[PDB]
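1. In the first instance, please consider these chains from the complex; the rest will follow:
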Amino acid sequence: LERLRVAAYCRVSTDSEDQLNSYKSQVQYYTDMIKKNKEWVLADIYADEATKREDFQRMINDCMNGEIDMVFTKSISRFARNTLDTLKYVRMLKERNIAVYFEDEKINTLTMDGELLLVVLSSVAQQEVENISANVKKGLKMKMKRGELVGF
């Protein structure tokens, strides 16, 4: 090897009046940005229109195969669909010493700030799961099966 293998993960906008989030604009942005650093080599640019589906999954498989050392992505909200998936995929990369760099938030997931990200997400996810569970139990009680308003 030698060079750090750098990928980018992109969410592509469904229009058009948003050229900045177009596929082509993002391909050029990341290709040029990663070329700024001669210690790095571009692995690939991965993009789905919209964790997120097919190219995200291709990226994860390339990570499991040792093709990528660091993934750029614009934001947590583009990286994955929810807290639980953000945890899952950040941790899966981290166990293999693969960093994600969240550009908007300015967080490399392998730093102590990365560790705090994961602590905060774990607490957030526990609360979200308990909230769903509470809401499900409340919802069951709302259903009228005693002939409250209408007889049998």
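-> Cool, got the structure. Numbering: from 1, shown residues only, chains lettered A, B, ... in the order given.

2. which helix in chain A runs the most residues?
-> Longest helix in chain A, counting residues (DSSP state H): helix A:112-142.

3. And that helix, what does it pack against?
-> helix A:83-94, strand A:107-108 (3 or more CB pairs under 8 Å, 6 or more residues apart in numbering; DSSP states H and E). Just so you know, the C-beta spots here come from the backbone N, C-alpha and C atoms, and that holds for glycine as well.

4. Report the buried residues of it.
-> For helix A:112-142, burial by neighbour count (16 or more other CB atoms under 10 Å) applies to A:114, A:117, A:118, A:121, A:125.

5. Can you give me the distance of the nearest residue in space to residue A:113 that is not next to it in sequence to residue A:88?
-> With sequence-adjacent residues excluded and distances taken as CB to CB, 6 or more residues apart in numbering, residue A:113 is closest to residue A:107, at 5.4 Å. Relative to residue A:88, residue A:107 is positioned 17 Å away (criterion: CB to CB, to the nearest Å).

6. Neighbour count for those two, which is higher?
-> residue A:107 (18 against 15; other CB atoms under 10 Å).

7. which residues does the more buried one contact?
-> A:101, A:113, A:114, A:117 (CB atoms under 8 Å, 6 or more residues apart in numbering).

8. Can you tell me which of those is closest to residue A:44?
-> Closest approach to residue A:44 among the contacts of residue A:107 (CB to CB): residue A:101, at 15.5 Å.

9. got the contact list for that closest one?
-> Contacts of residue A:101 by CB under 8 Å, 6+ apart are A:70, A:71, A:72, A:73, A:107, A:108, A:109.

10. again, 10 Å this time
-> A:6, A:8, A:70, A:71, A:72, A:73, A:107, A:108, A:109, A:110, A:111, A:114 (CB atoms under 10 Å, 6 or more residues apart in numbering).

11. and then chain B:
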Amino acid sequence: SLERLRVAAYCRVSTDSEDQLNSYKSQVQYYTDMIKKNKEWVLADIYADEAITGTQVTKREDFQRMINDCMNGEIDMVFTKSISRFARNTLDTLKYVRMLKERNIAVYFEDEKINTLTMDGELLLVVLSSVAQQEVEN
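-> Time to bring in chain B:
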């Protein structure tokens, strides 16, 4: 006549029984001992809402009382066990942390080891903002 640092504790308490370490009186003892270790600190109050352990089923009257006391200038900092045992969701965590921060009132989340007035607190606010944005976008 400069007053000691006025420390509140926010707690979700259990009436079970099978969980007496989460009782009101166990919590009073815990925070009494902590504040005793620091001669420059004084208890503002214990703020405690009854809640079912391992759940988000919780009262909110004391949380509201605490927020009012913070806005009324009675409290310099708030200890609380966890993000998941404080406000009820992400948007509310953001709302209340920001409101306290605007008044320079620190919350210390004990399990996460996050003081909301430090750089870690700035990180907490960005990560929570991202979680909220992530919901909106997905």
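
12. Please reconsider the contacts of residue A:101 now that chain B is part of the model.
-> Residue A:101 makes contact with A:6, A:8, A:70, A:71, A:72, A:73, A:107, A:108, A:109, A:110, A:111, A:114, according to CB atoms under 10 Å, 6 or more residues apart in numbering or on different chains.

13. which element is it on?
-> Assessed by DSSP states H and E, residue A:101 sits inside strand A:99-102.

14. go on, residue A:6?
-> Using DSSP H and E, residue A:6 falls within strand A:4-12.

15. these two touch, right, residue A:61 and residue A:67?
-> Yes: with contact defined as CB atoms under 10 Å, residue A:61 counts as touching residue A:67 (8.9 Å).

16. And those two? Which one has more around it.
-> With neighbours defined as other CB atoms under 10 Å in any protein chain shown, residue A:61 and residue A:67 compare such that residue A:67 has more, 14 against 9.

17. these two touch, right, residue A:14 and residue A:21?
-> Yes: applying CB under 10 Å, one finds residue A:14 in contact with residue A:21, separated by 9.1 Å.

18. and residue A:18, how many neighbours does it have?
-> For residue A:18, the count of nearby residues is 11 (other CB under 10 Å).

19. Residue A:11 is in contact with that one, correct?
-> No: contact criterion CB under 10 Å: residue A:18 and residue A:11 do not qualify, at 11.2 Å.

20. Now list whatever residues contact both of residue A:14 and residue A:21.
-> In contact with both residue A:14 and residue A:21: residue A:50, using CB under 10 Å, 6+ apart.

21. higher neighbour count, those two?
-> residue A:21 (17 against 8).

22. Need phi/psi at the more buried one.
-> Backbone dihedrals for residue A:21, given as degrees, to the nearest 10, come out at phi -100, psi 10.

23. Do I have it right that it meets residue A:75?
-> No: assessed by CB under 10 Å, residue A:21 is found out of contact with residue A:75, at 11.4 Å.

24. Give me the common contacts of these two.
-> residue A:11.

25. Can you report how many residues lie near the nearest residue to residue A:96 once chain neighbours are set aside?
-> Leaving aside its sequence neighbours, residue A:96 sits nearest to residue A:63 (CB to CB, 6 or more residues apart in numbering or on different chains; 6.7 Å). A total of 21 residues lie near residue A:63 under the criterion other CB under 10 Å.
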